[PDB]
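So the structure is just underneath, and the comments pick up after that.
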Amino acid sequence: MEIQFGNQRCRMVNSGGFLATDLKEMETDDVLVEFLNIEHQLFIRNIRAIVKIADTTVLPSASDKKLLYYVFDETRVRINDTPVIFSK
Amino acid sequence: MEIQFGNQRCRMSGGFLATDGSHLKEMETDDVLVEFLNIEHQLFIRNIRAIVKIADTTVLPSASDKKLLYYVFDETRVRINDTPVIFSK
């Protein structure tokens with residue numbers, strides 16, 4: 001599927017990756033968020049941003065103890081107050 | 001704030017559901033079924049060793065270094081090992 005984050009069109013083709021500001025495989029210190037796609041389920045880990053799924057704020061987490069949140073509302077994900085659209 | 005799992009009732013921060021389903025343990029032993037978490041007044045479930053459903057969505061199990069946290073978006077349809085879980089005040 002494709003991730004639209006304001007400006008950005010990004011594709012996600014194999015269970016996920018890291019969202020840079022302007023999908024990367026490695027977690028650099030300039031990536032905002034981590035995506036996982038498995039068995040038709042979408043998960044987001046917050047690294048360095050303000051992240052919302054509907055009314056839920058996604059707590060940031062470190063790479064050795066990741067907190068990956070099931071995206072229970074694929075239509076209300078926000079990152080840094082910018083809407084994210086997923087489309088297959 | 002109180003969880004009943006089949007016949008057993010327990011109180012809960014958060015914690016780990018024992019195999020029994022009697023109480024919520026503080027540390028993750030290797031016989032506990034699931035983790036309940038309370039984060040900013042919202043209930044989340046991490047599956048460890050059980051078959052867990054929230055409504056029609058399968059709750060995938062996850063290891064502690066990569067937790068998959070499911071917001072309990074339907075409190076009336078939580079099932080663990082095909083056993084209904086009721087949440088009460």
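Quick note on naming: the chains in the structure tokens go A, B, ... in the order shown, residues restart at 1 in each chain, and ligands are numbered from 1 in order of appearance.
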
Item to complete: Within 7 Å of residue 59 of chain A, counting only C-alpha atoms, which residues show up once you throw out same-chain ones fewer than 2 positions away? Write them as a list in words, please.
Response: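 That gives residues 46, 57 and 61 of chain A.
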
Practice prompt. Check the DSSP output for the backbone and give back, as a PyMOL selection string, the residues of chain B in strand (DSSP E).
Written response: chain B and resi 2-5+8-11+14-17+24-25+34-39+42-47+52-54+57-59+66-71+78-80+83-88

Worksheet item: With only C-alpha atoms as the basis for distance, which of A:63, A:37, A:28, A:15 is at the shortest distance from chain B?
Response: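 That would be A:63, the residue with the smallest distance to chain B.
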
Fill in: At most 12 Å to chain B: residues in chain A, only C-alpha atoms, as a PyMOL selection string
chain A and resi 34-45+53-59+61-73

Item to complete: Go ahead and compute the interatomic distance for atom CA of residue 37 of chain B and atom CA of residue 16 of chain A, in Å to one decimal.
Response: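 Pair atom CA of residue 37 of chain B / atom CA of residue 16 of chain A returns 25.1 Å.
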